[PDB]
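Asker: What follows is a single structure, and I will ask about it in a moment.
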There are 2 protein chains.
Amino acid sequence: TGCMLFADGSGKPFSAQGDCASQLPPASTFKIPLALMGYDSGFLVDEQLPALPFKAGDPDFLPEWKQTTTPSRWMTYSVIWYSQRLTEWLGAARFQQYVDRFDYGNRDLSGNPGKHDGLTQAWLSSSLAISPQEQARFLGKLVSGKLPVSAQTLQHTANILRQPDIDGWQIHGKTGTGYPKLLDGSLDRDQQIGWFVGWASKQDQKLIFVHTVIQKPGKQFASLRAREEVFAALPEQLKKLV
Amino acid sequence: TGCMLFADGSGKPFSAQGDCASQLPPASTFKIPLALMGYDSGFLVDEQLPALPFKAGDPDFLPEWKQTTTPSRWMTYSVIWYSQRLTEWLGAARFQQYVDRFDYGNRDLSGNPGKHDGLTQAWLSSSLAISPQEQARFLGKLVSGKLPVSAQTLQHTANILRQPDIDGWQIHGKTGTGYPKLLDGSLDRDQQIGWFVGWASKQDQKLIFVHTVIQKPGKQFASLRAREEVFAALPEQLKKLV
């Protein structure tokens with residue numbers, strides 16, 4: 001149920017291979033719509049600011065989460081507590097308004113059943129789910145100026161999301177790792193979902209790309225195998241585009 | 001023993017307070033002339049490349065040194081093994097040519113006595129020493145286009161060395177932590193030296209700054225008290241400049 005999708009500027013797919021229509025947890029790729037919310041509302045200033053400190057009681061699953069994070073470091077080490085700091089500040093009403101206006105996947109931010117912690121846990125392998133097709137559509141709106149955000153919100157989001165170049169092409173992307181909410185795809189499987197979503201630009205020309213890796217955990221991180229495979233197969237799509 | 005120096009565009013000091021003329025180990029601030037050597041020669045490609053891996057046998061004093069380092073990560077966590085990778089690649093002859101043409105402090109790259117390891121250990125509290133005055137003079141040449149490097153070498157160096165802004169001004173800076181000689185042959189006085197060197201910029205207008213903190217070691221580094229003090233005392237100098 002893995003997938004490699006390549007879409008144009010508008011977000012229209014032209015090459016989709018595998019399970020490109022099934023909805024999956026967005027995991028840390030939801031940091032893309034969050035970077036826009038954060039810059040549009042004013043929570044996030046730029047790439048360096050705000051530098052929020054780690055507090056006792058914040059999730060410390062990865063050692064790189066244990067220090068002061070900036071929006072640049074947030075994107076890099078997928079610091080979940082920095083995303084919760086942003087959402088708690090926005091409020092559940094604004095969060096939902098943004099997720100609705102962004103038309104983000106299933107738009108379900110109710111979270112886990114019972115405990116109504118949707119505000120800080122919706123993207124964390126629960127209520128929210130996006131299909132690789134929908135992700136490309138979303139990415140296509142932010143790259144086309146279709147989302148209700150400013151140029152500088154798009155530029156700050158781009159900067160913190162920037163990846164190594166390919167010739168004259170500017171790569172912007174984000175990795176994500178999540179598990180399907182119990183059985184919301186094809187029964188209990190305990191399979192990792194790797195995500196490598198983003199776009200590539202070279203003046204006028206732009207190209208969206210979405211890739212998923214479905215695997216049993218072991219030796220390689222699902223999302224790092226996704227990032228690798230995109231960088232392998234990208235130059236041909238760029239060449240095809242020119 | 002400590003010092004707070006503010007210089008103009010050319011590198012000419014206009015305010016110097018404390019020991020601004022004594023030569024001190026440059027420590028990790030030598031990563032500024034190294035970023036220029038690396039970009040001029042072609043060892044360093046940009047801010048993302050090369051992403052060199054950590055190898056068994058490389059100094060692992062700080063945990064942040066233990067992974068794959070890029071030139072952006074090199075500057076931030078002061079990764080010394082990434083500087084040695086660059087110098088080993090340049091050769092001692094080119095290294096010396098650059099240190100001479102840059103007129104960097106005492107220009108002594110002989111290293112520790114007996115050991116012969118000047119190539120990878122010269123700036124690491126040994127042979128090499130620069131005075132806060134000389135540092136400002138050097139910084140003034142790179143900011144004025146006086147050094148024999150390209151515009152893009154200066155821009156890549158600026159990018160990896162960037163800091164949070166102040167009211168429209170662009171801050172570029174580097175922290176350093178070293179130790180002086182106690183006179184016993186080549187000893188270590190245990191008077192930890194903190195450094196915060198760099199420049200501020202708003203269109204035509206530029207301003208160099210050099211600061212040292214001399215203190216007995218503690219839980220945290222002397223250089224973080226230097227960076228803090230520069231950001232406190234900089235807006236007045238910028239206001240004075242306008």
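Residue names in the structure tokens use chain letters A, B, ... in the order shown, residue numbers from 1 in each chain, and ligand numbers from 1 in the order shown.
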Give me the residues within 7 Å of residue B:140 as a PyMOL selection string, counting only C-alpha atoms and dropping any in the same chain fewer than 4 places off.
Answerer: chain B and resi 9-11+136+144+208
Asker: Got time to write the residues from that selection, N, CA, C and O atoms, as a PDB file, in the first residue's frame?
Answerer:
ATOM      1  N   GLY B   9      32.464  49.691   9.247  1.00  0.00           N
ATOM      2  CA  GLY B   9      32.504  48.874   8.038  1.00  0.00           C
ATOM      3  C   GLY B   9      33.881  48.351   7.657  1.00  0.00           C
ATOM      4  O   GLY B   9      34.042  47.140   7.447  1.00  0.00           O
ATOM      5  N   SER B  10      34.896  49.254   7.599  1.00  0.00           N
ATOM      6  CA  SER B  10      36.279  48.915   7.237  1.00  0.00           C
ATOM      7  C   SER B  10      36.995  47.995   8.231  1.00  0.00           C
ATOM      8  O   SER B  10      38.034  47.422   7.894  1.00  0.00           O
ATOM      9  N   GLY B  11      36.443  47.893   9.440  1.00  0.00           N
ATOM     10  CA  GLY B  11      36.987  47.123  10.553  1.00  0.00           C
ATOM     11  C   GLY B  11      37.724  47.999  11.551  1.00  0.00           C
ATOM     12  O   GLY B  11      38.461  47.485  12.399  1.00  0.00           O
ATOM     13  N   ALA B 136      38.307  42.139  14.438  1.00  0.00           N
ATOM     14  CA  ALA B 136      37.504  43.232  13.874  1.00  0.00           C
ATOM     15  C   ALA B 136      38.075  43.662  12.536  1.00  0.00           C
ATOM     16  O   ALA B 136      37.315  43.893  11.593  1.00  0.00           O
ATOM     17  N   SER B 144      33.950  44.149   3.596  1.00  0.00           N
ATOM     18  CA  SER B 144      34.274  45.194   2.604  1.00  0.00           C
ATOM     19  C   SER B 144      34.670  44.665   1.206  1.00  0.00           C
ATOM     20  O   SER B 144      34.931  45.462   0.307  1.00  0.00           O
ATOM     21  N   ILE B 208      30.823  46.044  12.647  1.00  0.00           N
ATOM     22  CA  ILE B 208      31.556  44.898  13.217  1.00  0.00           C
ATOM     23  C   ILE B 208      31.408  44.982  14.756  1.00  0.00           C
ATOM     24  O   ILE B 208      31.158  46.071  15.283  1.00  0.00           O
TER      25      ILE B 208
END
Asker: Looking only at alpha helix (DSSP H) from DSSP on the backbone, list the matching residues of stretch 24-116 of chain A as a short mmCIF file (atom, residue, chain, number, x, y, z; two decimals) with N, CA and C atoms, in the first residue's frame.
Answerer:
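So selection-v3.cif came out as:
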data_model
loop_
_atom_site.label_atom_id
_atom_site.label_comp_id
_atom_site.auth_asym_id
_atom_site.auth_seq_id
_atom_site.Cartn_x
_atom_site.Cartn_y
_atom_site.Cartn_z
N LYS A 31 3.01 19.56 9.87
CA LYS A 31 3.86 20.69 10.24
C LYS A 31 3.86 21.75 9.11
N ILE A 32 3.54 21.32 7.84
CA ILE A 32 3.39 22.22 6.69
C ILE A 32 2.16 23.16 6.91
N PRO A 33 0.89 22.65 7.02
CA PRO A 33 -0.23 23.57 7.32
C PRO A 33 -0.06 24.34 8.63
N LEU A 34 0.62 23.74 9.64
CA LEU A 34 0.91 24.38 10.93
C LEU A 34 1.87 25.58 10.77
N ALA A 35 2.92 25.45 9.93
CA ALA A 35 3.86 26.55 9.64
C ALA A 35 3.10 27.75 9.04
N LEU A 36 2.07 27.49 8.21
CA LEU A 36 1.24 28.53 7.59
C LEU A 36 0.33 29.22 8.61
N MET A 37 -0.33 28.42 9.48
CA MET A 37 -1.21 28.89 10.56
C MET A 37 -0.38 29.80 11.45
N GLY A 38 0.76 29.26 11.91
CA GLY A 38 1.73 29.95 12.76
C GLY A 38 2.29 31.24 12.21
N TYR A 39 2.56 31.31 10.91
CA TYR A 39 3.04 32.56 10.34
C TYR A 39 1.92 33.53 10.03
N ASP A 40 0.75 33.03 9.62
CA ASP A 40 -0.39 33.88 9.29
C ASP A 40 -0.95 34.59 10.53
N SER A 41 -1.05 33.85 11.65
CA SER A 41 -1.60 34.36 12.90
C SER A 41 -0.61 35.22 13.67
N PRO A 71 11.48 27.71 14.84
CA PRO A 71 10.68 27.09 13.75
C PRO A 71 11.50 26.26 12.75
N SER A 72 12.81 26.56 12.63
CA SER A 72 13.78 25.88 11.75
C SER A 72 14.14 24.49 12.30
N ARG A 73 14.35 24.43 13.62
CA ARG A 73 14.68 23.24 14.40
C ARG A 73 13.42 22.36 14.58
N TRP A 74 12.22 22.99 14.58
CA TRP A 74 10.89 22.37 14.70
C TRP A 74 10.66 21.44 13.53
N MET A 75 10.85 21.97 12.32
CA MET A 75 10.69 21.25 11.06
C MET A 75 11.70 20.11 10.94
N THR A 76 12.98 20.41 11.26
CA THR A 76 14.12 19.50 11.19
C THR A 76 13.92 18.23 12.05
N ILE A 80 7.22 17.70 18.25
CA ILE A 80 5.78 17.69 18.43
C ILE A 80 5.31 18.66 19.49
N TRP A 81 6.08 18.85 20.59
CA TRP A 81 5.68 19.76 21.66
C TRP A 81 5.59 21.22 21.20
N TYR A 82 6.40 21.60 20.21
CA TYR A 82 6.42 22.94 19.62
C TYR A 82 5.16 23.15 18.76
N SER A 83 4.59 22.06 18.23
CA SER A 83 3.36 22.14 17.44
C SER A 83 2.17 22.33 18.36
N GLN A 84 2.20 21.66 19.56
CA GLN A 84 1.17 21.75 20.61
C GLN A 84 1.16 23.15 21.20
N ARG A 85 2.34 23.77 21.36
CA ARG A 85 2.49 25.15 21.86
C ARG A 85 1.77 26.12 20.94
N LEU A 86 1.92 25.90 19.61
CA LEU A 86 1.26 26.68 18.58
C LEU A 86 -0.25 26.47 18.61
N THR A 87 -0.73 25.20 18.61
CA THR A 87 -2.17 24.91 18.59
C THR A 87 -2.90 25.42 19.85
N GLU A 88 -2.29 25.25 21.06
CA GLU A 88 -2.86 25.73 22.34
C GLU A 88 -3.06 27.26 22.32
N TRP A 89 -2.14 27.97 21.63
CA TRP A 89 -2.15 29.41 21.42
C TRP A 89 -3.22 29.83 20.39
N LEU A 90 -3.44 29.01 19.33
CA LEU A 90 -4.43 29.33 18.28
C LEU A 90 -5.85 29.20 18.79
N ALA A 92 -8.89 25.90 19.53
CA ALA A 92 -9.53 24.86 18.72
C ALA A 92 -10.39 25.41 17.59
N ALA A 93 -11.02 26.60 17.80
CA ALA A 93 -11.88 27.27 16.82
C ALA A 93 -11.10 27.74 15.59
N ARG A 94 -9.96 28.46 15.79
CA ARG A 94 -9.09 28.96 14.72
C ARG A 94 -8.44 27.77 13.98
N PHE A 95 -7.98 26.74 14.75
CA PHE A 95 -7.36 25.52 14.24
C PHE A 95 -8.28 24.89 13.22
N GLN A 96 -9.54 24.63 13.62
CA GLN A 96 -10.58 24.09 12.75
C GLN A 96 -10.85 25.02 11.58
N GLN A 97 -10.90 26.35 11.77
CA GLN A 97 -11.14 27.30 10.66
C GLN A 97 -10.08 27.15 9.57
N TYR A 98 -8.78 27.07 9.99
CA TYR A 98 -7.63 26.90 9.12
C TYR A 98 -7.72 25.54 8.41
N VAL A 99 -7.91 24.42 9.15
CA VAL A 99 -8.02 23.05 8.58
C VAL A 99 -9.16 22.98 7.55
N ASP A 100 -10.29 23.68 7.81
CA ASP A 100 -11.43 23.76 6.88
C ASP A 100 -11.04 24.58 5.64
N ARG A 101 -10.52 25.84 5.82
CA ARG A 101 -10.15 26.73 4.70
C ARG A 101 -9.06 26.16 3.83
#
Asker: Counting only C-alpha atoms, which residues from chain A have an atom at most 12 Å from any atom of chain B, and could you show them as a ChimeraX atom specification?
Answerer: /A:45-51,63-64,67,70,72-73,76,159,162-166,171
Asker: Could you give the RMSD, in Å, left over when chain A is least-squares superposed onto chain B across all Cα atoms paired sequentially?
Answerer: 1.5 Å
Asker: Name the residues in contact with residue B:173 at a cut-off of 9 Å, using only C-alpha atoms, excluding same-chain residues fewer than 4 positions from it; report them as JSON, numbers by chain.
Answerer: {"B": [29, 32, 158, 161, 162, 163, 196, 197, 198, 199, 200, 209, 227]}
